[PDB]
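Residue numbers (my numbering), protein chains in the order written: chain A, 36 to 85; chain B, 36 to 85; chain C, 1094 to 1429; chain D, 7 to 56; chain E, 601 to 649; chain F, 717 to 1007.
Note that CB positions come from ideal geometry on N, CA and C, so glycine has one too.
Here the structure comes first, spelled out in structure tokens, and everything after it is commentary.
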Amino acid sequence: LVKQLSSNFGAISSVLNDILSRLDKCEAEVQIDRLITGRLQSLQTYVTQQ
Amino acid sequence: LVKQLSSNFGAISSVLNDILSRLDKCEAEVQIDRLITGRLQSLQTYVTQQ
Amino acid sequence: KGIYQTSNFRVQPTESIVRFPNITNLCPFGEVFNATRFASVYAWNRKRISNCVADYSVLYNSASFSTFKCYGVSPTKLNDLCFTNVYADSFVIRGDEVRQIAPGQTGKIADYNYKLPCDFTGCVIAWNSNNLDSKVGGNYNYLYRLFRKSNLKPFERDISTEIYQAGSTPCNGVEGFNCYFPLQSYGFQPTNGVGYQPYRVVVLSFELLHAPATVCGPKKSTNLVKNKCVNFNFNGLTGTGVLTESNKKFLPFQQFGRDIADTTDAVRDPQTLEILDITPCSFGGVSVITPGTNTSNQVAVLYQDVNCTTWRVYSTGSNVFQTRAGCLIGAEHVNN
Amino acid sequence: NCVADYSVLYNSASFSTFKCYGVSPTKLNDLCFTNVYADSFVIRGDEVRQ
Amino acid sequence: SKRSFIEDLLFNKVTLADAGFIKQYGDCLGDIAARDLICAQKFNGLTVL
Amino acid sequence: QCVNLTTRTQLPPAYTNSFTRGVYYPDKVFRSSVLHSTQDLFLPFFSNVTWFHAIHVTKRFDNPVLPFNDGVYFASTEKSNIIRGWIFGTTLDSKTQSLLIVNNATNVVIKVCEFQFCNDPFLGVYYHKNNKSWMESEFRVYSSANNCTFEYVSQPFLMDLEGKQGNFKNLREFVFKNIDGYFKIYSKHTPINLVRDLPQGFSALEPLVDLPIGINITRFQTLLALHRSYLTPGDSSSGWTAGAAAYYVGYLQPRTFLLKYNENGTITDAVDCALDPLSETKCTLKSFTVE
Ligand SMILES: C=CC1=C(C)/C(=C/c2[nH]c(/C=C3N=C(/C=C4\NC(=O)C(C)=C4C=C)C(C)=C\3CCC(=O)O)c(CCC(=O)O)c2C)NC1=O
Ligand SMILES: *[C@@H]1O[C@H](CO)[C@@H](O[C@@H]2O[C@H](CO)[C@@H](O)[C@H](O)[C@H]2NC(C)=O)[C@H](O)[C@H]1NC(C)=O
Ligand SMILES: CCCCC/C=C\C/C=C\CCCCCCCC(=O)O
Ligand SMILES: *[C@@H]1O[C@H](CO)[C@@H](O)[C@H](O)[C@H]1NC(C)=O
Ligand SMILES: *[C@@H]1O[C@H](CO)[C@@H](O)[C@H](O)[C@H]1NC(C)=O
Ligand SMILES: *[C@@H]1O[C@H](CO)[C@@H](O)[C@H](O)[C@H]1NC(C)=O
Ligand SMILES: *[C@@H]1O[C@H](CO)[C@@H](O)[C@H](O)[C@H]1NC(C)=O
Ligand SMILES: *[C@@H]1O[C@H](CO)[C@@H](O)[C@H](O)[C@H]1NC(C)=O
Ligand SMILES: *[C@@H]1O[C@H](CO)[C@@H](O)[C@H](O)[C@H]1NC(C)=O
Ligand SMILES: *[C@@H]1O[C@H](CO)[C@@H](O)[C@H](O)[C@H]1NC(C)=O
Ligand SMILES: *[C@@H]1O[C@H](CO)[C@@H](O)[C@H](O)[C@H]1NC(C)=O
Ligand SMILES: *[C@@H]1O[C@H](CO)[C@@H](O)[C@H](O)[C@H]1NC(C)=O
Ligand SMILES: *[C@@H]1O[C@H](CO)[C@@H](O)[C@H](O)[C@H]1NC(C)=O
């Protein structure tokens, strides 16, 4: 699970602070949404395996 | 499952009618694809739990 | 051989209706785009547009716009929509600075004069005005803020003229070294470069399909019909379903109702002030009982949640029998 | 070894096009740039799109 | 019904979410005042066989 | 034309508790029988709200230039309509544009304008001699007004502005916030009969107006009316007794809230997520009860 935090999931980077520092709220929202969806899917996979 | 229909899933809106009334099929198709992917994911999660 | 679940019973829309607010005045295109004296960019003029029809085909005859960029809505849907609260922010800027009038831009105009949000739904329109705003000897009437302590917030206006202190020594309200007047005047001349020619810019800002509206497209309304699956269009909100009378009491500022699922269930009819409930017209499971296709091509249909004791069935046929599981059509009941 | 203030350009510089990739313009005040190079040349207007 | 006493107590002691399976379109169309969850489930394709 | 007030008896700022007050509808959409979570500028539950009460028995008439920290919850308990407006701005000395909201006993006037505000503006009432009745005789707010970029004057009306004796008969709650060049005002007038601090209860503030002022606001103050008559001695700066009205000021903060829309579509209850562990669990589980 921790290792799976190191994936872009289609975003520009896997670091939230990196996105919020390069992009603004103008464009960072879509990237953060992609990261949120990917990490939520990872959590769902973990819970299903559990 | 019914409550999870109120999620953007990265689309501009969680309602198909809003997307289809604000955007033509030109740009509405990508938003509807995002919504379809998210709702299919929700259904798959429900079926796995079942 | 077996019983197979098929798609739930579907009812197609019989007809389409359109219900737009009762208004006939044309929106003030002449008073916005044809104005003789546009404002300066630092003091930009905001005008409220309400209770009119946004036909906007009158502009084709006379005006041709250098740039027309819409955000939050496609250009092609503007005729099918109506807009809640519409504000036209008009000003004049340099030709090279038109690109700065856009969400998430930087520059003197975007920073110190006119900032736009990115949660912005609207359209930016710009057109050259070299033949109007430019005269020989330089038209120094149009000013812009050149120095500011910090960037403006979105849709913020700052009309002050206090001396800008650049260095350490206080200016004490008078010019000097490292003490500049914040506003500088554009020099517009007719024999001057296209990138440094006057451009008139109008930013129309509005919201869509969230609140009551009074500026609507040129769509023609249609008579209202109830208790039939129809393709309605209530204030630019399209969809399908059955409209029925409602006991809900909307507040004066509310136009739409919504579910736990965020779909629209109630709507205030713009013509007559009543609340109509919207219900989808497809409902009820359907199953197909079949022997093997090799054995026969016959099938029975089990319509769950319908009473067979204008039914919601594809074809009544014969041998309609009511079981506790639903209405079975095409099967003969036997007491054995 | 710079301080990329770039507000000194507003006084006399007027850019016909200014398009930034990988960075939001509004965030250019908030960042530090590691390996900065400036590639300078002259073309005709019709080729600026290229 | 041929349920015994104990079966009757057991049936009364646990409340079923459905309470029957024939919920017609007219019923869900008429009860606009009361928001039953079953009507929403049925309108969103979720049926209980 | 303005005059300072000299008969001043000031004390430290009294504080009181906001008992789950200051909730407003976050959108203009009808919702009924639903638990909706929203994050916005909300007044935190059980916050310290500063209290200013103008009475004569002491001669206090307090009206400081308070800050405007990205949103304000104002709440006036009164019976004789003393509080009759506000001044919002950043410096309030004509160097910048400022917003004025005033109810001068005939119209509600809103002006975004470069006002040269006076040090202690007021709206003095006087007992007129043409007829023995209580009406507006002084408008002492600003000395000048130029470059004046907004106007929202309403239709004429009349209001009973007589100084009454008894408990506070009205509680008017307001939420002001300046977002993206829009001054949003939510309001709620409720009848109460109390002579003490903010009542217990719950009342959702409906949206009132969404003014496009487009200015920078960091400070504000309240415009109070001054009850003047022939039963008191002194000059203009001293011939005056304040009314019997009180008001409360709290500051909105970015908070997550869980609101409950009842069957008729009115918010009947709310839970302040991040107030305490119990409300934190209610926030996490999306319910107003925990087993
Ligand atoms: C301050 C600006 C101001 C606001 C925001 C305002 C809003 C406002 N005042 C109202 C009535 C009313 N307004 C008042 C008086 C007041 N209401 C107040 O907010 C204040 C401060 C006073 C005191 C001067 C009263 C008393 C009523 C109801 C009439 C009554 O029952 O006597 C109403 C109900 C609609 C209507 O008038 O028919 C609104 C929305 N009036 C104003 O003057
Ligand atoms: C809105 O007004 C306040 C006060 O005028 C501004 O805040 C000041 O900004 C300057 C910048 O140098 C500081 O020196 C002051 O100390 C600040 N004072 C306060 C109370 O914050 C603020 O910059 C203005 N906002 C915008 C977008 O212009
Ligand atoms: C000597 C060049 C050093 C550059 C350092 C690297 C990055 C600094 C960020 C931007 C530099 C270009 C700013 C152009 C001015 C804004 C133009 C406008 O929109 O009006
Ligand atoms: C705008 O002005 C021109 C020139 O007077 C005129 O021809 C045109 O009809 C006007 N358009 C509108 C919508 O008023
Ligand atoms: C709508 O407008 C038409 C023509 O003005 C009028 O006949 C009709 O009565 C109006 N309906 C309502 C509800 O106002
Ligand atoms: C279908 O019917 C034919 C008899 O005509 C038989 O040969 C065949 O095996 C059957 N196939 C299946 C899948 O039942
Ligand atoms: C509707 O269906 C139920 C269950 O089958 C049945 O009891 C009832 O009689 C039906 N309604 C009528 C009018 O027969
Ligand atoms: C079946 O039973 C019902 C009632 O028991 C009776 O009305 C009907 O005539 C019977 N039909 C046959 C074919 O036996
Ligand atoms: C008293 O009034 C004058 C102008 O009316 C004002 O300049 C002065 O500041 C006031 N006194 C104080 C202490 O503010
Ligand atoms: C702020 O609120 C807390 C709890 O109500 C209280 O203990 C504290 O005294 C308040 N602050 C002041 C200055 O009164
Ligand atoms: C003050 O009240 C008078 C009428 O008594 C009215 O004419 C005026 O509009 C009000 N003040 C302002 C600024 O409107
Ligand atoms: C502001 O007021 C001053 C003096 O009244 C005037 O010189 C200046 O032109 C005004 N600026 C604007 C934008 O109205
Ligand atoms: C809701 O409104 C109805 C009338 O529309 C009324 O009978 C009922 O008392 C109201 N209930 C609540 C909790 O407000």
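Check: One question on the structure: do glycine 1188 of chain C and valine 1104 of chain C come within less than 7 Å of each other, judged by their Cβ atoms?; Outcome: no
Check: In terms of residue numbering, what span does the beta strand (DSSP E) encompassing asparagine 819 of chain F cover?; Outcome: 814–819
Check: Taking the continuous alpha helix (DSSP H) assigned at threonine 72 of chain A, which residues delimit it?; Outcome: 60–84
Check: Determine the burial state of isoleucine 49 of chain D: buried for a count of at least 16 other Cβ atoms within 10 Å of its Cβ, exposed for fewer.; Outcome: exposed
Check: Please decide whether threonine 1372 of chain C counts as near chain E, where near means a Cβ-Cβ distance under 7 Å.; Outcome: yes
Check: With a cut-off of 6 Å, give the chain-ordered residues whose Cβ is closer than this to any heavy atom of ligand 5.; Outcome: C:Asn1115, C:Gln1364, C:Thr1365
Check: Please classify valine 1267 of chain C: is it buried, with 16 or more other beta-carbons within 10 angstroms of its beta-carbon, or exposed?; Outcome: exposed
Check: Straight-line CA distance for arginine 747 of chain F to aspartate 618 of chain E?; Outcome: 25 Å
Check: CB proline 1384 of chain C to CB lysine 1170 of chain C, shorter than 7 Å?; Outcome: no
Check: Is the closest heavy atom of ligand 8 to the C-beta of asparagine 978 of chain F under 6 Å?; Outcome: no
Check: Does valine 65 of chain B have its Cβ less than 7 Å from a Cβ in chain C?; Outcome: no
Check: Determine the extent of the alpha helix (DSSP H) in which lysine 998 of chain F is found, giving its start and end residues.; Outcome: 993–1001
Check: Could you tell me if the beta carbon of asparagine 1412 of chain C falls within a distance shorter than 6 Å of some heavy atom in ligand 8?; Outcome: no
Check: Starting from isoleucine 1353 of chain C, find everything on chain B with Cβ-Cβ shorter than 9 Å and list it in chain order.; Outcome: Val37, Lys38, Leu40, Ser41
Check: Select from the region 1185–1197 of chain C all residues with a C-beta closer than 9 Å to any C-beta belonging to chain A, and list them in chain order.; Outcome: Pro1196, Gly1197
Check: Measuring CA to CA, which of F:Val987, F:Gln937, F:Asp992 is closest to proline 780 of chain F?; Outcome: F:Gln937
Check: I'd like to confirm the pairing. Which residues does DSSP put opposite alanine 1181 of chain C in its beta bridges?; Outcome: C:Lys1140, C:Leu1297
Check: Distance cutoff 7 Å, beta carbons only. Does residue 1434 of chain C sit that close to anything in chain E?; Outcome: Because residue 1434 of chain C is not part of the residues shown, which for chain C are 1094 to 1429, the question remains open.
Check: Would you please verify whether the beta carbon of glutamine 641 of chain E is less than 7 Å from any beta carbon of chain B?; Outcome: yes
Check: Are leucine 757 of chain F and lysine 904 of chain F touching if we call contact CB-CB under 7 Å?; Outcome: no
Check: Please enumerate, following chain order, all residues with a beta carbon closer than 6 Å to at least one heavy atom belonging to ligand 11.; Outcome: F:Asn820, F:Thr822, F:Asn823, F:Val825, F:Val869
Check: To the nearest whole angstrom, what separates the beta carbons of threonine 806 of chain F and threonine 934 of chain F, a pair I think is in contact under 8 Å?; Outcome: 5 Å
Check: Taking Cβ-Cβ distances shorter than 7 Å, what residues in chain E pair up with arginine 1405 of chain C?; Outcome: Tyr625
Check: Do we get a CB-CB distance below 7 Å when we pair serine 49 of chain B with the residues of chain C?; Outcome: yes
Check: On the DSSP letters alone, give me the boundaries of the beta strand (DSSP E) that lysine 827 of chain F sits inside.; Outcome: 824–838
Check: What does a CB cutoff of less than 6 Å around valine 925 of chain F pick up in its chain, not counting 5 residues either side in sequence?; Outcome: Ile901
Check: Counting only Cβ pairs nearer than 8 Å, list the residues of chain B close to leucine 1330 of chain C.; Outcome: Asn52, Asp53, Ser56
Check: Take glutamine 832 of chain F as the anchor and find which of F:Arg888, F:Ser919, F:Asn863 has the nearest alpha-carbon.; Outcome: F:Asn863
Check: Since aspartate 59 of chain B meets chain C, which of its residues come closer than 7 Å, beta carbon to beta carbon?; Outcome: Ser1167, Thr1169, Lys1170
Check: For ligand 2, is there any heavy atom lying closer than 6 Å to the beta carbon of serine 1243 of chain C?; Outcome: yes
Check: Comparing the CB of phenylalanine 1161 of chain C with every heavy atom of ligand 4, is any distance shorter than 6 Å?; Outcome: no
Check: Taking one C-beta from the region 1204–1215 of chain C and one from the region 1241–1250 of chain C each time, how about it: are there three or more such pairs within less than 8 Å?; Outcome: yes
Check: Taking the alpha-carbon positions, what's the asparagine 1232 of chain C to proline 1283 of chain C distance?; Outcome: 10 Å
Check: Do you know how far the Cα of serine 1143 of chain C is from the Cα of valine 891 of chain F?; Outcome: 26 Å
Check: Under 6 Å from any heavy atom of ligand 4, does the C-beta of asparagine 1223 of chain C make it?; Outcome: no
Check: Among the candidates C:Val1179, C:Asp1204, C:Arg1130, whose CA atom is the shortest distance from the CA of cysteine 1145 of chain C?; Outcome: C:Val1179
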